[PDB]
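Listed next as structure tokens is one chain, alone, in the form deposited in one PDB entry.
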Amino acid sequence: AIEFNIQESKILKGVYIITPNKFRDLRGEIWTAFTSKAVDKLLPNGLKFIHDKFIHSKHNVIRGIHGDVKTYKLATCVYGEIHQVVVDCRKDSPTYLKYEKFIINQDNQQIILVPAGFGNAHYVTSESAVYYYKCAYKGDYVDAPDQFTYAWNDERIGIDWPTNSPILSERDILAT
């Protein structure tokens, strides 16, 4: 009765769209975001998710676009609603700076596998949102200084965002 629907992106090869089922009742809802048996097989040989992170952001925050050459991510929204965006940031890739966007909320609980070399970003449409992502990497976590950054509104990517004036960090402004 714990189930996953696992579909590969039609737009970006190697991006996976994972949808869990849920048990809903008078108290709320219960669901499984991840099992090693269901999801780690999607990663390359020798790699498993080993790191769980939470981001709680206020309305009209954008975070991104962030990535590095080794870190795989599995991302969703576990409270509120986001626009989740994946960008192919591999400079050798024929689909370099193509993107895909997912509107994620409790009724659309897509979970996105973001490969290494892809950029990751989200926008908060709700009053606030809690972003959940898992990381898979060998050796050390790649912190912000060693990551690449693209501007949320880079004209090459041309993302359709629901904001014309987001709340950003200095990193994400420097990128613009």
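Residue numbers run from 1 along the displayed sequence. Shifts are known only where both forms have a C-alpha. Here the rigid core means the biggest group of C-alpha atoms that line up within 1.5 Å when the two forms are laid on top of each other.
FYI, the form deposited in another entry isn't displayed, but the following is about it.
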{"property": "Answer among 52, 29, 127, 146 for the CA shift between this form and the one not shown that reaches 2 Å or more, rigid core superposed", "result": "146"}
{"property": "Core fit, then residue 106 C-alpha moves 2 Å or more between this form and the one not shown", "result": "no"}
{"property": "Sense of CA distance change between residue 143 and residue 122 in the other entry, threshold 3 Å", "result": "farther"}
{"property": "In the other entry, shift in Cα separation for residue 42 relative to residue 145, 3 Å or more", "result": "closer"}
{"property": "Moved residue ranges in sequence order between this form and the one not shown, Cα 2 Å or more, at least 3 long, core fit", "result": "91-94, 140-147, 169-176"}
